[PDB]
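Notes to accompany the following structure.
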Amino acid sequence: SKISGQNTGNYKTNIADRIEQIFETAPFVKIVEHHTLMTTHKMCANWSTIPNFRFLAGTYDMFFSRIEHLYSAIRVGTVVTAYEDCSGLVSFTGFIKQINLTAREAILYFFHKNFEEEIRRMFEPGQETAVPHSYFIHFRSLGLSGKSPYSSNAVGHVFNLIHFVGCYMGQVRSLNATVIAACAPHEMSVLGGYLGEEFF
RNA sequence: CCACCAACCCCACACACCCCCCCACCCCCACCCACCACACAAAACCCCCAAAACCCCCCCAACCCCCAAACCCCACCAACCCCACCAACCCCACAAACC
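Going by the entry's author numbering, the first sequence opens with residue 151, and the numbers climb by one from there.
Dropping the structure here:
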């Protein structure tokens, strides 16, 4: 339900067939034959909106991350809950690692007024970003979340700069990320051009 | 592959004349959350038992050379334009003609 969107399809069926293979092979037993998962998804396409269902996937995902189990492969369904709605923050950490700079050093290269509100929003203290296993990685799936201040849209200026730099460096992930249109993409693309020129 | 007289735009009722228009309108934009057609982990050469590695090898050998006599896919003779009936020739001509 989460991966529902335009032009997917063959990708969604491939994920479904892979999911069926995991669960029809040991330690799992074949109970649904083939293509049943796709037909139930067609009737359960928006089931991701339902809060308790999302809450339960987040719960299972947290347990399987810390504790190895025989049926830990159930996590294939729940992997998406991890760091949900925090693409802005995750994009920032990867940008740091790809560029080979420290978080601080990178923000020095962010030469624009718009970034300030966003940098303050995403680095707000009190959130266990550094802790390896914490409620933070699944906070969006579980309660106490609201709208995530780490979503690509909330940190749009920074997100666009990161990925314009990535496109300059040819990273396929950035080429396929969806640009935040509201957050001044043209100016960001220019700054991204200079930064990418420096780092490529 | 000119020609019926005559007329000689495959012009022309009037009104007309964007294959414009009801209004509000006017991204084939927009629920939210989102936003790599990323992702279980472990891990990632569609690498790997060893012993090995010319899709090399019995030997004799090694022109898909050889009976011999031979060797133009030459030769009876007469010949030798895939010339020739003569009359002779524009696949010219009744006359009147000849977009």
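Ideal Cβ placement from N, Cα and C applies to all residues, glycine included.
Rounded straight-line distance, which links the Cα of residue j to that of residue i
i	j	result
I246	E234	20 Å
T189	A195	10 Å
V182	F173	9 Å
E278	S284	7 Å
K192	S339	39 Å
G342	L220	46 Å
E267	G306	11 Å
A176	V226	15 Å
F261	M212	38 Å
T158	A166	12 Å
residue 419	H184	Here the chain has residues from 151 to 350 only, and residue 419 is not among them.
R254	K180	51 Å
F214	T228	9 Å
residue 379	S298	Only positions 151 to 350 of the chain appear in the structure, and residue 379 is not among them; the question remains open.
residue 391	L325	Here the chain comprises residues numbered 151 to 350, so residue 391 is not present and cannot be evaluated.
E337	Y344	11 Å
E218	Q171	20 Å
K263	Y210	41 Å
Proximity below 8 Å, CB of residue i to CB of residue j
i	j	result
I287	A207	no
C236	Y300	yes
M319	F350	yes
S198	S241	no
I169	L187	yes
Residue closest to residue i, alpha-carbon to alpha-carbon, out of the options
i	options	result
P335	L294, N303 and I200	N303
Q156	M212, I249, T279 and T328	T328
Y259	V308, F178 and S154	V308
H313	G276, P275, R271 and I249	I249
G293	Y210, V229, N310 and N202	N202
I269	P282, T243 and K180	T243
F178	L311, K263 and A223	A223
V281	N164, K263, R216 and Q171	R216
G346	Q321, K263, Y210 and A332	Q321
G238	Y344, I330, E348 and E337	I330
Other residues of its chain near residue i: CB distance less than 7 Å, five sequence neighbours each side excluded
i	result
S291	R204, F205, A207, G208, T231 and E234
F289	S295
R323	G316
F265	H307 and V308
Chain-order list of residues whose beta-carbon lies under 6 Å from that of residue i (same chain, five-residue window excluded)
i	result
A256	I246
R271	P299
residue 351	What the structure shows of the chain is the stretch from 151 to 350, and residue 351 is not part of that stretch, so it cannot be assessed.
Spatial neighbours of residue i in its chain, beta-carbon cut-off 8 Å, leaving aside the 5 residues before and after
i	result
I153	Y161, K162, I165 and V230
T252	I246
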